[PDB]
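S.K.: Got an experimental structure here, sequence first:
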Amino acid sequence: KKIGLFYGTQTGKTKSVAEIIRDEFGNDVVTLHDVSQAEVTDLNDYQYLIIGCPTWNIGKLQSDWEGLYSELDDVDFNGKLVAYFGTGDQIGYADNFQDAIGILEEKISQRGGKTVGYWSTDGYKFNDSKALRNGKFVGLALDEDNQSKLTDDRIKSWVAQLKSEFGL
Ligand SMILES: Cc1cc2nc3c(=O)[nH]c(=O)nc-3n(C[C@H](O)[C@H](O)[C@H](O)COP(=O)(O)O)c2cc1C
């Protein structure tokens, strides 16, 4: 339909978060694509995109998003609105917190994607992040390992913001 959510997952947390994002948006709005089963051309099917990706192995892309990283050069994101979220561990990995979505966004916005859905760094404890854009996160940062009780409200709040930014 209108929003395509393309998520990568290893232990399933970003997946869970994606399911709640669909629930929050109201039913048919967001479709949930596991990028492990995706082709890079699937991104052509939407004008509004949500990109979901955890950071693994000290500052790296989740390996299914890594599998599509190079091929992002084969897609034109011009004219699309794009939002980002990920799961992360701010305590264990304070120098590389939410690096992944920062890596995806830098590439996608270079190919024409307009970023929406910036998120406040308030209430997170970390040192450095590739997701940082003029004092904000490039997208929604969830931490299921340390802040699981904050997740549901952070998504509900983020979804209401995206409706406004997507012009739904
Ligand atoms: C070996 C390992 C490395 C990790 N590296 C990072 C990291 O670099 N940055 C970060 O924010 N989180 C890191 N984490 C935390 C994961 O991103 C976190 O557990 C996330 O919720 C997993 O998402 P997923 O289940 O969708 O794969 C790491 C976790 C493991 C165990």
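M.R.: Looks like it came in fine. Numbering: from 1, shown residues only.
S.K.: Only C-alpha atoms from now on, for both contacts and neighbour counts.
M.R.: OK.
S.K.: Name the residues of the chain found near the ligand, please.
M.R.: 9-15, 54-59, 87-90, 93, 96-98, 144 (CA under 6 Å from any ligand atom).
S.K.: Buried ones among those?
M.R.: Buried residues within the residues of the chain next to the ligand, counting neighbours by 16 or more other CA atoms under 10 Å: 9, 13-15, 54-56, 59, 87-90, 93, 96-98, 144.
S.K.: Quick one: mark the members of those residues that sit in helices.
M.R.: Among these, DSSP state H puts 13, 14, 15 in helices.
S.K.: could those residues be laid out in JSON lines, adding distance to residue 43?
M.R.: Below are those laid out as JSON lines (distance: CA to CA, whole Å):
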{"residue": "13", "distance to residue 43": "22"}
{"residue": "14", "distance to residue 43": "19"}
{"residue": "15", "distance to residue 43": "18"}
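S.K.: Quick check: buried residues in the longest helix belonging to the chain?
M.R.: Longest helix in the chain by number of residues (criterion: DSSP H): helix 151-166. Residues of helix 151-166 classed as buried by neighbour count (16+ other CA under 10 Å): 151, 155, 158, 159, 161, 162, 166.
S.K.: Please apply the same query to stretch 124-137.
M.R.: 126, 129, 130, 131, 132, 137.
S.K.: residue contacts, the fourth one?
M.R.: Residues counted as contacts of residue 131 (CA atoms under 8 Å, 6 or more residues apart in numbering) are 97, 98, 99, 100, 101, 102, 103, 137, 138, 139.
S.K.: between the residues you listed, which is nearest residue 30?
M.R.: Closest approach to residue 30 among those (CA to CA): residue 139, at 16.8 Å.
S.K.: Burial check on the closest one, number of neighbours?
M.R.: By other CA atoms under 10 Å, 28 other residues sit near residue 139.
S.K.: next one: residue 167
M.R.: By other CA under 10 Å, neighbour count at residue 167 equals 7.
S.K.: which ones are touching it?
M.R.: Residue 167 neighbours (CA under 8 Å, 6+ apart): none.
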